[PDB]
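In: Pasting the sequence and an experimental structure:
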Amino acid sequence: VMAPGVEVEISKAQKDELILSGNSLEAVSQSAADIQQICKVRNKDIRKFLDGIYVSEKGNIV
Amino acid sequence: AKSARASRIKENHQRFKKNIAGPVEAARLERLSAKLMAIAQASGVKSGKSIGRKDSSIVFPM
Amino acid sequence: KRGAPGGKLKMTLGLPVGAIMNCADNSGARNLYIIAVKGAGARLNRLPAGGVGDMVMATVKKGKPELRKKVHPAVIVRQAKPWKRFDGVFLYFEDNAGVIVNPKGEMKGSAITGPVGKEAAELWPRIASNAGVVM
Amino acid sequence: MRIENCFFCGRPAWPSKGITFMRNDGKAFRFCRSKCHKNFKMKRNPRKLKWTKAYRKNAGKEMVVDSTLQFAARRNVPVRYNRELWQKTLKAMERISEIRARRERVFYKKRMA
Amino acid sequence: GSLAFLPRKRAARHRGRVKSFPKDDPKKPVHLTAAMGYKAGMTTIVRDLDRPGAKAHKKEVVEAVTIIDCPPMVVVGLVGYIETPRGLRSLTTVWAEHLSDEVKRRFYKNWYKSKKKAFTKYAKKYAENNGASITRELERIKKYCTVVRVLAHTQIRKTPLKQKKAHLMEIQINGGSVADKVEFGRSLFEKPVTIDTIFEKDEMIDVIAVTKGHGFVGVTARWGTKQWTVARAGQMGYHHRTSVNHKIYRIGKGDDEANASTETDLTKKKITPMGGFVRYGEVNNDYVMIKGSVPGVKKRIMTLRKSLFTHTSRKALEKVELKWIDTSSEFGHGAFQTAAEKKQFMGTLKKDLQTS
Amino acid sequence: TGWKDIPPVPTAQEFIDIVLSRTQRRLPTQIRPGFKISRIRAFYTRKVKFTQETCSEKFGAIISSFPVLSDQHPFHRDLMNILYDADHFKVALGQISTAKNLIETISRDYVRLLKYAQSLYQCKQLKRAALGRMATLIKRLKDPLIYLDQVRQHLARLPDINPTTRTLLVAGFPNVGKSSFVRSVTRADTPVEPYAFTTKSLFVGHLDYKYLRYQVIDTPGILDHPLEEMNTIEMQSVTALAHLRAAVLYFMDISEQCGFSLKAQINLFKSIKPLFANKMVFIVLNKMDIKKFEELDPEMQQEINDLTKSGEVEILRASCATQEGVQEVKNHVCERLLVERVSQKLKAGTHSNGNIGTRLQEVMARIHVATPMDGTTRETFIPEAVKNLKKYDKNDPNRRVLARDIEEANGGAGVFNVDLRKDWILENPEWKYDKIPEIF
Amino acid sequence: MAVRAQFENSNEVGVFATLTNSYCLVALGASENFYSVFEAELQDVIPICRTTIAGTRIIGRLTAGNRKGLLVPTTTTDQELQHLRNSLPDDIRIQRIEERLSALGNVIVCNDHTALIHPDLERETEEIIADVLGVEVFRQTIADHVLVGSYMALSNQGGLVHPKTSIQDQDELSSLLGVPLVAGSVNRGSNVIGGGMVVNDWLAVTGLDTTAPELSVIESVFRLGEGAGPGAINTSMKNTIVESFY
RNA sequence: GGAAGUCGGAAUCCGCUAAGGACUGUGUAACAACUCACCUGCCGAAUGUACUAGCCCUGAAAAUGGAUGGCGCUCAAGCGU
RNA sequence: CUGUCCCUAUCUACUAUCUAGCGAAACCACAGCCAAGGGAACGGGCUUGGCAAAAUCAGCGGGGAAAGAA
RNA sequence: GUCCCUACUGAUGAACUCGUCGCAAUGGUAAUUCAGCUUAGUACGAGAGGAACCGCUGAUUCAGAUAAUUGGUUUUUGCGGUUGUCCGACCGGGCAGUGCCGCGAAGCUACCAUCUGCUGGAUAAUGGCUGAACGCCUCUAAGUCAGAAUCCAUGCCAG
Ligand SMILES: Nc1nc2c(ncn2[C@@H]2O[C@H](COP(=O)(O)OP(=O)(O)OP(=O)(O)O)[C@@H](O)[C@H]2O)c(=O)[nH]1
Ligand SMILES: [Zn+2]
């Protein structure tokens, strides 16, 4: 569940990627960190199992 | 093994309580309440609407 | 992998540690001496015991010299101590008997003399195959 | 579920009522109570003990030949479910029960003539 | 032994108290929480299990159930509570017309010699147009109270015991606004409530009772042995207990005349065993037949309440398909369900011939 | 089966820290000067011992986990010898062993001195001395621990090559197509790149042919050099070429693609034929798709024919890019291996005395088919739905719902309620789902 | 068609399965993976019954039958027998027998023309089997093992017998039956063919540990997978088997 | 075998200069590529290296619940004058 | 079979709540709730804290007993 | 060669008119581990091998109850058999500190029998968001997210 005021979009710009936009920087970044932390691997090999949902680009909407 | 007080165990218990037992007990209470309601329906001062005074301590005796 | 059967229901335990038991197969051994059981919960001063369908670790007392050299796993097939099956029927056998089984769960003999406990037949597929009477 | 009959005495051995014993020969002995269990373990003869259906039928205290008694049998070739068949079976059960009771009254009176 | 149930003092009151009602939220409909009953004994059932994942699936399993006779329960009062920094406080109570002789016996100790003068001025307080006062108490409950309970008493007159004194308790109303629940209680004054309206079938509930007393018992049986944490000799038994998670399997209507009948055995018989419940008698009223054992002696008062929390097991969602109910005599090693069965089995007797 | 079960070999500092933490934490460390002298002696003696048994257990585990080169198949023996400098390996193990002996001697001597100690200060100094002398020993055994850790990792990563199994050993010169053929034939990941020494170790894959499991071993690549002067990696191939009963597949490239002359390949073969003493030898000419065999000078054609007219070495043709004959090469070489192996098994079984061996009797029994003397067949009723039925395929769109998919959609594994009356064939189908009366 | 499966995690499929040319019996437990594979291989061509005998999941080792009948022990309860009848059509007759040897699947092997039983059954049991199955019933032993129902499989197209039977013994059973007979192993060298296989005239289900050579043996023996599968392949193409099971 | 500054051994020069090491790290089978040192442009005014002296933390601790005397105290009700 | 152990059986001996009546002795500075501190391996009264409610019955497994030192 | 006070465990209790129905300060506190099905012969792996979260079901230990059933116990001295002896015989009984033997209800017991054992917040190691110190940088300084069978409570026992 996200912080209030953040928009989430599965864009048809690149495949298998997500956009998290908003007005409050703390809320945007904390939501991104929460999703990144919830999708994490357990009791496996980090060097071998590369799968996850990871932040790629940070910037401004306009 | 995971204890009965584990956070993960509590989370799974919460999902189970919210998704299945919730609706089941809701319908059960609906039926029971319907039956119980059926069997049950089977001047201000001189009227009581104005609630007045009926008939150790907290303050120091002055 | 420990030869502990899975899903076994609670049953009265009648063959403790230090037990003399008969051998029901054609493996050539005559009696077994249960000295240990598998999957037990170690509590103080209690001698562990096993019911039918439970793996125990036993030594042969009399029988074939070749078998009288090593300690062997074995699952007990008949229990004289009464126990109740979930259909509420209490029952017990005439004696206490078992069969020598390898750790994987395969018997050394080819035929079991006498009847076979229903719990043991359910738990071990090989016994259900080499069983003559199942009750 | 089936209303079993006690091996030693013949009273109905209902479920959860009693103990059964498995001989090495491969056939099971179902007893309805501890009395019967202990009597068989002491190896007394049910045909001789006088509180058993075996003794009653051997000394001729109960009827053994009656069409009412050949209606009852364990069935070894099963049949298909049929609602009217089962209902008519229930009604036949009632009729045969009352006929058996009334013929039993007559048998008792003819004996104690 | 256990360091939780350690003040091994005897229960101060023979009835037992709920000590916790389920948390109230107005979203649910208006309902009562608990009820009483009297233990009769236990019988044997076989159930066609439908439990996916167990080897007893789609099979018949013999199971032990307990009988609690629950005659209709008369509602006679309404208690309104307020919430304070020191806890919950009983703001005020409102009784009803014509309290019965059994609840008045509960109020008195030497009932035979007393002048039976309980609630006479309260009956006058109703009948003499002080309905204004009673309504002002009701509006005080509506306006100031947050927890509302119902005073309810059982019917020993119907229950087959030598006693004649009833058992009052406060049963909390849940699921609604304070005004709605006050209206519910006021409308429920002087009408019996039925156990099938309080609970229903297949609902896992909680049973509160006083477990049997054994007097001064040594450590061997008191603690199961071979500072306050050391096993000591003293009172064992007669202890207030609240046992949780007991599935109610059947509610028998008492007047059905076929209470023990299932869909598979078309035998018209009641729950009462052949010869009656040992040391209790006959269950001639509505009865609750519950899985497993229950704290308490036969004919002891019971408290049946709902679970404090939503369930987490498939065991509570399960439906129960009974097959037959044991009716044989508990007085010994019985084998006959009905006197007709016994007569048909044993034939006619010397007494039958001499009488006829 | 393998050598991956070697426990980690600590460095000297890690070993010292482990042993001293262990004797610090698993054992009491509070004594007072006002205690009995016997108690003080016992306390410090127990400390020194516990340290000694901890060190002995660790060193013994190290010494006994690693394989002993004496008892391996000489394939593995020579592979380890060339890949680990068995001399250095054995001297490192010997240093570990002599350190174990030194530690146990120190413990014994200092326990005796502690027995004859007379004060708490003396006991403390004797304990400190003993535990520090053992530490100095470890700091001396810094380097062998590092070498053993490295070799432990390399052995744990080595593949499993079974010395005695039906094997296709592919060898040849750098850049002939060995790795390409290996990936085209089996599913083992062997790198294919255009540079010289891509494959620098031994790779192994597996095959199925006539329901038998075959091994395939890709070797690095040998270079025109008298065995004595070759490289280590090159000798990895030669050890493989020497100590494995197999079909050798020597890859020649008709085209000059690799960078070595056809005369150079012919030379190498004649040089390593003594390695291919009695193994089943197949030369495969690849790269036909760039230079077919017929497009050559008859002089080289005739040299190849002269090599063919010798022993039972066989010339085959393939192309590891168009996959024209890879399956044919598979079939031919594996079939020849199978027939040779069954032949030698039959000969080994056939004793000179004439008595058929027990295993041979058993295999003849498993081969024999028993048939009725009259030769009459028996009539069977196969329903025509079998012949007009469609095979189940798990990827098809319009499949049938199927019970497993039903339970998965309608719940899980311990959730779905199976309806046992759905398959009941009655007279009136509404009579289904009826509580059958049972007792009266 | 020969396929590979396991009940829950057990490779002994003959313990939990029973195939004839007119019906299939499948044990009841947990998931419907066993039922799913059996129905996918028998796509409503013949009825399949999810049953239990004696409150037990060893229906394969407790039951025996052919295309013309089904046979159950006396320990079978009436509800289970009623389930069997309502699940199977009227063209199959089902009988319960009061025999001491309750392991019917272990003591009686059956093809839809003949039969072979433990020498220690009763005469009354002999004629009632001969009547209910409508087959010629004989009294022999295999590999000197008294449990033919356990240590052998058979069909109207073939038979797999204990791997350690003598040549003359194999010839004797071949003369007795009339079906081509080969000795082979199941489930990676297991001796319990009856428990490790269940084989009908057009389908076989073995355990997942059954090796490819012995699966090929099975197919060639019972003419599965259409193709040829004569057993003549076993005689001619012998290199595979002599290599694999030496 | 391959080793182009960076798997290894030794020296480590010259020009161009603003400055650039026969190279501090990342990387390739080798390269390539990136990066550091150093240098120039923008910015604009104080920085940064080592010690010393106060106070504070750690600088080692077991086993019935307890002790600046207790409460409690934080621009003190602690510390120095 | 035993120079082994345990259980069952028998015998021997000591084993016993309340009421009526009868009715001692041992022993006794005064007492008796805990924790820390009380330099002299010393606390029971002192300091300062915990606390702390009449009168009784039963059970009892803890304290009110110990060194003297080469 | 030296039966009493007190603690703990329970049980009564005058004063507040008796009684009923409640609140909860404080004090204790509880659950534990293993295995099987599905995930799945899937992920991964040259091969051999081979998991995990969600869902489901049992078992071990511990704890609190209970007498449907089963087993044990017998002064039910309830019924029957039988030894010695006696009441003249039969019947009916007595004595042998419960003569002995069999069955034996009621009651009491036995993981020898059966039932039940529950949910929120705050944290440690640690992983982070924004962002100074220190124009780079930084989980920390201000602010703040998550997170162990841990802590504190509810559920539970005493009042
Ligand atoms: N045209 C053609 N090229 C081939 C064929 N087989 C291999 N190659 C070439 O071989 C090159 C790669 O070398 P590898 O196949 O790995 O040869 P190798 O014997 O394993 O030796 P390494 O190259 O060191 O691994 C590719 O670039 C191909 O062009 C073939 O059949 N036809
Ligand atoms: Zn009976």
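Out: The structure has been received and is ready for your questions. Numbers count the residues shown, from 1 in each chain, chains lettered A, B, ... in the order given. Ligands and ions are numbered 1, 2, ... in the order given.
In: in chain D, which spans are strands?
Out: Under the criterion DSSP state E, strands of chain D are mapped to D:4-5, D:12-13, D:19-22, D:28-31.
In: Now do the third one: which elements does it pack against?
Out: In this structure, strand D:19-22 makes packing contacts with strand C:89-93, strand D:28-31, helix D:34-41, judged by 3 or more Cβ pairs under 8 Å, 6 or more residues apart in numbering or on different chains; DSSP states H and E. Placement of C-beta: from N, CA and C, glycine included.
In: Give me the neighbour count for the closest residue to ligand 1 within chain C.
Out: As assessed by Cβ to the nearest ligand atom, ligand 1 sits closest to residue C:1 within chain C, at 41.9 Å. Using other Cβ atoms under 10 Å in any protein chain shown as the criterion, residue C:1 is surrounded by 6 other residues.
In: Give the closest residue to residue G:162 in space, chain neighbours not counted.
Out: Once its chain neighbours are removed from consideration, residue G:162 has its nearest residue in residue G:143; the separation is 4.0 Å (Cβ to Cβ, 6 or more residues apart in numbering or on different chains).
In: Touching, that neighbour and residue G:173? I think so.
Out: No - because the distance of 10.4 Å does not satisfy Cβ atoms under 8 Å, residue G:143 is recorded as not touching residue G:173.
In: Find the residues that touch each one of those two.
Out: Shared contacts of residue G:143 and residue G:173 (Cβ atoms under 8 Å, 6 or more residues apart in numbering or on different chains): residue G:161.
In: who's more crowded, the two?
Out: When neighbours are counted by other Cβ under 10 Å, residue G:143 and residue G:173 differ, and residue G:173 comes out ahead with 25 against 19.
In: which stretch of helix or strand covers the more buried one?
Out: When elements are defined using DSSP states H and E, residue G:173 is found to belong to helix G:167-177.
In: Would you map the helices across the chain?
Out: I went with chain A, as the question did not name one. In chain order, chain A shows helices spanning A:25-38, with DSSP state H as the criterion.
In: hm, I was asking about chain D
Out: Applying DSSP H to chain D gives helices spanning D:34-41, D:53-58, D:67-70, D:83-111.
In: Nearest to residue B:26 among those helices would be which one?
Out: When the helices of chain D are compared by Cβ to Cβ, helix D:83-111 sits nearest residue B:26, at 37.3 Å.
In: and that closest one with chain G, contact?
Out: No - judged by Cβ under 8 Å from any Cβ of the partner chain, helix D:83-111 makes no contact with chain G; its nearest approach is 11.0 Å.
In: That helix: which residues count as buried?
Out: D:100, D:104, D:107-108 (16 or more other Cβ atoms under 10 Å in any protein chain shown).
In: Keep only these that also lie close to ligand 1.
Out: Subset of the buried residues of helix D:83-111 in contact with ligand 1: empty, counting by Cβ under 6 Å from any ligand atom.
In: In CSV: the residues you listed, plus distance to residue F:336.
Out: Output for the buried residues of helix D:83-111, formatted as CSV (distance: Cβ to Cβ, whole Å):
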residue, distance to residue F:336
D:100, 86
D:104, 91
D:107, 93
D:108, 96
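In: where exactly do the strands run in the chain?
Out: Since you didn't name a chain, this refers to chain A. For chain A, the strands defined by DSSP E cover A:6-9, A:19-22.
In: Can you look at chain F instead?
Out: Using DSSP E, the strands of chain F run over residues F:167-172, F:203-209, F:212-218, F:247-253, F:280-286, F:314-317.
In: List the residues that contact whatever residue of chain F ends up closest to chain C.
Out: Sorted by distance to chain C under Cβ to the nearest Cβ, the residues of chain F start with residue F:414, at 11.9 Å. The contact partners of residue F:414, by Cβ under 8 Å, 6+ apart, come to E:52-53, E:314, G:30.
In: follow-up on the earlier one: would you turn the strands of chain D into JSON lines with mean neighbour count and distance to residue F:291?
Out: Shown next, in JSON lines, are the strands of chain D (neighbours: other Cβ atoms under 10 Å in any protein chain shown; distance: least, Cβ to Cβ, whole Å):
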{"stretch": "strand D:4-5", "mean neighbour count": "14", "distance to residue F:291": "90"}
{"stretch": "strand D:12-13", "mean neighbour count": "20", "distance to residue F:291": "93"}
{"stretch": "strand D:19-22", "mean neighbour count": "19", "distance to residue F:291": "83"}
{"stretch": "strand D:28-31", "mean neighbour count": "18", "distance to residue F:291": "85"}
